[PDB]
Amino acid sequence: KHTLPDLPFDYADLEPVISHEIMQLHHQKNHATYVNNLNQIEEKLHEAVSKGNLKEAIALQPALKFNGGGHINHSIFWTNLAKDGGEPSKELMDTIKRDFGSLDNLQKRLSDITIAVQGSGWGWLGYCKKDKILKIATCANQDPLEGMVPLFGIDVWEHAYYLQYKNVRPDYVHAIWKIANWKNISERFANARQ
C-alpha cells in the first residue's frame, strides 16, 4: 500500500518561514490521513470494479481524487522546500525570463493567484510540454495539477499557515519564496524538458 514519505529535513528546519508545529502536524497528521484514507478507498474501488458495480465505482471517485491528490500534492511539496535551496538553474531562469519577463514578475503573478484562491487549494508553477512554456495555475482542494508537469507548489489550505500566520495568508505566500527549493524545482524542470 501507499506510504507516508519521510521529510527531507527536520520539522524545525524551515523556521522562521514555517513553524515546527505546522510542519509536524502537516506531515504526521494531514498527509498521513490522506495516505490512510487513500489506501482504504483504493480497496473499496477495487471491490466495486471487480464485482461490476459501476455506479458505486463512480460514487467513490471524489474520495480517490481528494485523498490521492492529497498524497500527490504533499509528496511534491516536501521536496519543494528547503532551508538552503539555492537559486534557479541557468536554464530555468532563462525560461522564467522568456515566459514571465523576470523571476520577480513570476513570484508576483503566482503569489497573486495563490492568495486569491477562495477556500482551500494550491498554487503551482508548472511546465507544459505541448506548448513548451511555463505556466501558473491554481487547484481547488486536493485536485492534482493536470495538463502540465508540476514544478513548485504552494499549499494554501489554512492548515498550512494558520497556527503561525493566523488569517494573514499573503504574508505566508510572500514568505514561502524564501524557502523554495530551487535545486528540486530545477531538477523537475530538467526532467520535464526530456
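For every residue, the number given is its place in the sequence shown, counted from 1.
166 to 174 and 16 to 24 differ in mean CA B-factor, and the higher of the two is recorded for 16 to 24.
Higher mean CA temperature factor between 26 to 34 and 48 to 56: 48 to 56, per the PDB entry.
As recorded in the entry, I133 carries the highest CA temperature factor of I133, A140, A63, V156. The residue among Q118, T114, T95, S75 whose C-alpha carries the highest B-factor in the deposited model is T95. Per the deposited record, the Cα B-factor of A160 falls in the lowest third when ranked against the other modelled residues of its chain.
The PDB entry assigns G69 a C-alpha temperature factor belonging to the lowest third of its chain's modelled residues. Per the deposited record, the Cα B-factor of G147 falls in the highest third when ranked against the other modelled residues of its chain.
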